[PDB]
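Trainee: I'd like to ask you about the structure that follows.
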Ligand SMILES: Cc1cc2nc3c(=O)[nH]c(=O)nc-3n(C[C@H](O)[C@H](O)[C@H](O)COP(=O)(O)OP(=O)(O)OC[C@H]3O[C@@H](n4cnc5c(N)ncnc54)[C@H](O)[C@@H]3O)c2cc1C
Ligand SMILES: Cc1cc2nc3c(=O)[nH]c(=O)nc-3n(C[C@H](O)[C@H](O)[C@H](O)COP(=O)(O)OP(=O)(O)OC[C@H]3O[C@@H](n4cnc5c(N)ncnc54)[C@H](O)[C@@H]3O)c2cc1C
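Put into structure tokens, the structure is as follows:
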């Protein structure tokens, strides 16, 4: 009754704003409903971009220490946390500003409010106010927005653990990115990538680390051999790496937060920390938007299941990004958003989920895509693997990262590449070649005969394929 | 009469030792004739590996300066040239040692001597002695080696300019890599990649630079738009960038080498330098091995022309690497060596030269492959280009390299990708995806639908393809 659109996008994250801009490029009249002032969602405001910005600066600090043995001597740096925090916020504010300008240029209306479904064709938007991301309150004003199509892109939120009380020293990923102080002793609860990245940053800045994980290893889903290389190089940062251990008590006290662990190789006495980072996963927000009032089905865990066109059970309502399933990754959200937008424009478009890369921007990076040794064993798929160790790379040796490696995985029956993994610097920038090779159905001969430049880390992809064919001359005979 | 082999390889560079190891893996009895003690040729001993090692360390020094605005403050480094030189030599000696061990393991005989053809099936090897690369002398002993097949891999040498006299301050790329001192004022004669890389290293270490080039721009063969970005970021290193100017006089004097230039925007007074680096190209060594005594045809410029099996006009003698043609690149030499070795083993193998990448490991890097805008205009080939500016990349902005870009070139009639260029860090590690995409015949839809990880520099390849399809939502509508 207050406004009508071809497409209303609920949430302005990588999924939502990509969907909205794509729909507008197709000539549709679009609106984004986003409860906070800035676009870009979790990835831009409190996720990928600020975390990788801190990680990049931290990695140079680490490189500088290794420069002295090469005759380039620097002291320890003087660290100004206030200027480091402003540098990271300055990257985000440059990007959020650009996104707003791009919305206005594409004539996409941006509404600041909390959206809730009224019926299959209307959102009720409780308008919000506040400029800072994650800090907006309802004004009390309400606006009803009618749509032909809705694209649900309401993302995820930090998973909470019930047994952990509230205390300013107990933080989540957003608290970590706020960079209030460098704690002397930092506990990471949860072994996943997001907490390990934050630990890397704080470790380089001066924090001692512990980490606890109920499951059997860190970075669940990554092949163990990549994680083993990451762990060996990072062991010096940690006083306790505790896997298969339960966290039973978090007790804040005057001089620290005291945490108790039950594990076969975990200490028994409670451990004091200056800060505790809860990074135990993220939960989708499907149950929080009144979707049933639109007829949209939502699972018990809060996911909104979609078909390959990104359609919910309600044919004119789509859903994309973290809220439809794993993996919760920004580049998935973007592509899914393109697919949903083109279907809103009447162009039959489908989303292929087989090749979605994952990257830990730790030091070293851990990048992988497609079939893993873990999944192949779980499904029974017969595979062959080819591994090129960076101990054989003049580039890696010169650069001081000769402990990395590049691994390719092929289907045993067909010979096609179906997966790949890289541990070592720039893995994230190199895994795209593996993604493309899987998409194209390459075999080992396709990749090995492709002439990669020397001396690079990227040529390890071609040489690993040469390993698969038995004709790598930079390694012993195979 | 002194020894007989299935395959004798003349020269032990990237081509030669790769050919020899591949032939031995095929079960042939092989020997390498190499006048110096170490294997790996120019690339390992006085080329790729030591230059990129110095470039890498220099790039960290440059990064450290930009860290202060982000609250990470370091002073200028204390530079120990002796320890820097030993670090670079230590990388090479680790690699040369490994190559020797790999030769002995593969049962490939290594002969230290200067090889000259005696007749179509014999080499006469004037044995040499000396441990340092480029510093060996004949002992006077001679050895005659008989072969079924010979693979010529005798590489190239520094091009000399006749009008330049001898003086310890007038150096070539090997002199530059020796790192005797940091000159106050360094003149680079020649605008090609090798001299610009050395200039980058010395500039960061403290040298002022001038550069002179008879031709119309620096880095001939690279598309001008990539070089323009490199130049803008490097202008501060140079006092004079002189293109279209002739070098008419090099006059050594007590207090410096005085050089006179004739150019439309070059100074007229002679300029004093502490050091002059002659980097005016490299010449192939085909005229220097007595090839005509084997029946092998050699061009006037010293190239040995081969067919796609790497065969000379003499069917049982092959030739690979710098000595058969441009581009003079190590990864070309390696692949050509594999092709020659497999044909020596009776397996028909062909070498495809269409996709050979070139990389300047300058700061920023300049990586390109395949069709360029320059070549397309020279041949008349109709093309379309798609350019993704790194000003739109959150990764590049966070990292401080948002001036780079990724450019893809497609055939206008067929739509297939036929070329690509990247300027900015890690281009060398990313161009391999472009190489593979050209090899596989990808179009823009193949590359754009491939899901690249966010936030990376590598996803610029996928987004440039999205630009080509008109559906990039991180840029204004196209
Ligand atoms: C610390 C951290 C690091 C990460 N690092 C990476 C990485 O390196 N690479 C990577 O690919 N991914 C990374 N991620 C994950 C990435 O942020 C998410 O996968 C991505 O942001 C999801 O995109 P989305 O559009 O589905 O959801 P979101 O980014 O979560 O956007 C959803 C939006 O909807 C809004 N919203 C929610 N409910 C409502 C409502 N009812 N009304 C109105 N608006 C609403 C929210 O305010 C939010 O802006 C990281 C995440 C974190 C927290
Ligand atoms: C400063 C510099 C930087 C470079 N950077 C790069 C780069 O980053 N990337 C890249 O791909 N390329 C680079 N190159 C080029 C690269 O070094 C060459 O393309 C490559 O080494 C050629 O391999 P090759 O086997 O054909 O010849 P070579 O490496 O030249 O090996 C030929 C060998 O034959 C031996 N020989 C010659 N004549 C005789 C004889 N009559 N008897 C016995 N032995 C003999 C020589 O001693 C030599 O070891 C660079 C070169 C230089 C100088």
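Residue numbers (our numbering), protein chains in the order written: chain F, 691 to 1168; chain E, 691 to 1168.
Just so it is clear, CB atoms sit at the ideal spot from N, CA and C, and this is done for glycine as well.
For the beta strand (DSSP E) that contains residue 878 of chain E, what are its first and last residues?
Mentor: Counting along the chain, the beta strand (DSSP E) containing residue 878 of chain E begins and ends at 875–879.
Trainee: Would you kindly report the start and end of the unbroken alpha helix (DSSP H) that includes residue 920 of chain F?
Mentor: Note, residue 920 of chain F: alpha helix (DSSP H), 914–924.
Trainee: Using a Cβ-Cβ cut-off of 7 Å (strictly less than) and excluding sequence neighbours within five positions of residue 1178 of chain E, which residues of its own chain qualify?
Mentor: As displayed, chain E neither begins before 691 nor continues past 1168, which places residue 1178 of chain E out of reach and without an answer.
Trainee: Does the CB of residue 795 of chain F have a neighbour CB from chain E at under 9 Å?
Mentor: Chain E contact via Cβ: present.
Trainee: Between residue 719 of chain E and chain F, is any beta-carbon pair separated by less than 9 Å?
Mentor: Not an interface residue.
Trainee: Can you confirm whether residue 1148 of chain E, when its beta carbon is compared against all beta carbons of chain F, has any partner nearer than 9 Å?
Mentor: At least one chain F Cβ lies under 9 Å of residue 1148 of chain E.
Trainee: Residue 889 of chain F and residue 903 of chain F - do their beta-carbons sit closer together than 9 Å?
Mentor: Contact flag unset, no.
Trainee: Would you say residue 806 of chain F touches ligand 2, meaning its beta carbon is less than 8 Å from a heavy atom?
Mentor: Because no heavy atom of ligand 2 lies under 8 Å away, the Cβ of residue 806 of chain F does not count as near it: no.
Trainee: Compute every distance between the C-beta of residue 775 of chain E and the non-hydrogen atoms of ligand 2, then say whether any falls below 8 Å.
Mentor: Because no heavy atom of ligand 2 lies under 8 Å away, the Cβ of residue 775 of chain E does not count as near it: no.
Trainee: In terms of residue numbering, what span does the beta strand (DSSP E) encompassing residue 941 of chain E cover?
Mentor: Note, residue 941 of chain E: beta strand (DSSP E), 936–943.
Trainee: Taking all protein chains shown into account, do 16 or more other C-beta atoms lie within 10 angstroms of the C-beta of residue 1074 of chain E, making it buried, or fewer, making it exposed?
Mentor: With fewer than 16 Cβ atoms within 10 Å of its Cβ, residue 1074 of chain E is classed as exposed.
Trainee: Counting only Cβ pairs nearer than 7 Å, list the residues of chain E close to residue 1018 of chain F.
Mentor: By Cβ distance, chain E contributes nothing, its closest Cβ being about 12 Å from residue 1018 of chain F, past 7 Å.
Trainee: Where in the region 776–843 of chain F do unbroken runs of the beta strand (DSSP E), each at least 3 residues long, occur, reported from the N-terminal end onward?
Mentor: Complete beta strand (DSSP E) runs here, min 3: 799–809, 812–819, 827–842.
Trainee: Tell me the DSSP secondary structure of residue 1128 of chain F in three-state form.
Mentor: Residue state, collapsed to three classes: helix.
Trainee: Are residue 878 of chain E and residue 899 of chain E close, meaning C-beta to C-beta below 9 Å?
Mentor: Contact flag set, yes.
Trainee: If the criterion is Cβ atoms closer than 9 Å, does the pair residue 1127 of chain E and residue 1110 of chain E meet it?
Mentor: Yes, Cβ-Cβ distance for residue 1127 of chain E and residue 1110 of chain E is below 9 Å.
Trainee: Please classify residue 704 of chain E: is it buried, with 16 or more other beta-carbons within 10 angstroms of its beta-carbon, or exposed?
Mentor: When all chains shown are included, residue 704 of chain E counts as buried.
Trainee: Secondary structure at residue 1077 of chain E, three-state DSSP: helix, strand or coil?
Mentor: Here residue 1077 of chain E sits in strand by DSSP.
Trainee: Does ligand 2 have even one heavy atom less than 8 Å from the beta-carbon of residue 858 of chain F?
Mentor: Answer for residue 858 of chain F: no, Cβ out of range of ligand 2.
Trainee: With respect to the beta strand (DSSP E) encompassing residue 735 of chain F, which residues constitute its N-terminal and C-terminal limits?
Mentor: Run containing residue 735 of chain F: none in the beta strand (DSSP E); it sits in the alpha helix (DSSP H), 731–736.
Trainee: List the residues of chain E that residue 1136 of chain F touches, going by C-beta distances under 8 Å, in chain order.
Mentor: Correct list: 1126, 1129, 1130.
Trainee: Closest to residue 838 of chain F by CA distance: which of F:831, F:771, F:697, F:828 is it?
Mentor: Of the candidates F:831, F:771, F:697, F:828, the one whose C-alpha sits nearest the C-alpha of residue 838 of chain F is F:697.
Trainee: Can you list the residues of chain F that residue 699 of chain E reaches, using a CB-CB cut of under 7 Å?
Mentor: Going along chain F, no residue has its Cβ under 7 Å from residue 699 of chain E, so there is no contact; the nearest lies around 12 Å.
Trainee: With DSSP as the reference, label residue 1087 of chain F as helix, strand or coil.
Mentor: If DSSP states are grouped into helix, strand and coil, residue 1087 of chain F belongs with the helices.
Trainee: Using a Cβ-Cβ cutoff of 9 Å, what residues of the region 902–922 of chain F are near chain E? List them in chain order.
Mentor: Under the 9 Å Cβ criterion, the region 902–922 of chain F contributes no residue.
Trainee: Name the one or two DSSP bridge partners that residue 1135 of chain F has.
Mentor: The partner list for residue 1135 of chain F (beta bridge, DSSP) is empty, contrary to what the question assumes.
Trainee: How close, in whole Å, do the beta carbons of residue 1122 of chain E and residue 1142 of chain F come, if the pair is a contact with beta carbons under 8 Å?
Mentor: With 8 Å as the limit, residue 1122 of chain E and residue 1142 of chain F qualify as a contact, their Cβ atoms being about 5 Å apart.
Trainee: List, in chain order, every chain F residue whose beta-carbon is nearer than 9 Å to that of residue 811 of chain E.
Mentor: Here the premise fails: no neighbours, minimum Cβ distance about 25 Å.
Trainee: Count the C-beta pairs between the region 850–857 of chain F and the region 755–764 of chain F that are closer than 8 Å, then say yes if the count reaches three, no if not.
Mentor: The answer is no - the region 755–764 of chain F does not touch the region 850–857 of chain F, with fewer than three Cβ pairs under 8 Å.
Trainee: Grouping DSSP H, G and I as helix and E and B as strand, with all else coil, what is residue 1097 of chain F?
Mentor: Here residue 1097 of chain F sits in strand by DSSP.
Trainee: Does chain F have any CB closer than 9 Å to the CB of residue 839 of chain E?
Mentor: No, residue 839 of chain E does not count as interfacial toward chain F.
Trainee: Run down chain E in chain order and give the residues with a C-beta less than 7 Å from the C-beta of residue 708 of chain F.
Mentor: Here the neighbours are 1163.
Trainee: Comparing C-alpha positions only, which one of F:978, F:874, F:981 sits nearest to residue 929 of chain F?
Mentor: For residue 929 of chain F, the nearest C-alpha among the options comes from F:874.
Trainee: Enumerated in chain order, which unbroken segments of the alpha helix (DSSP H) with a length of 4 residues or greater are wholly contained in the region 1001–1050 of chain F?
Mentor: With a minimum length of 4 residues, the continuous alpha helix (DSSP H) runs that stay inside the region 1001–1050 of chain F are 1020–1034.
Trainee: Is there contact here, the region 1080–1090 of chain F with the region 999–1016 of chain F, by at least three beta-carbon pairs under 8 Å?
Mentor: Output reads no: the region 999–1016 of chain F does not touch the region 1080–1090 of chain F.
Trainee: Excluding the 5 residues preceding and the 5 following residue 1116 of chain F in the sequence, name in chain order all residues of the same chain whose CB lies nearer than 6 Å to its CB.
Mentor: These residues qualify, in order along the chain: 1147.
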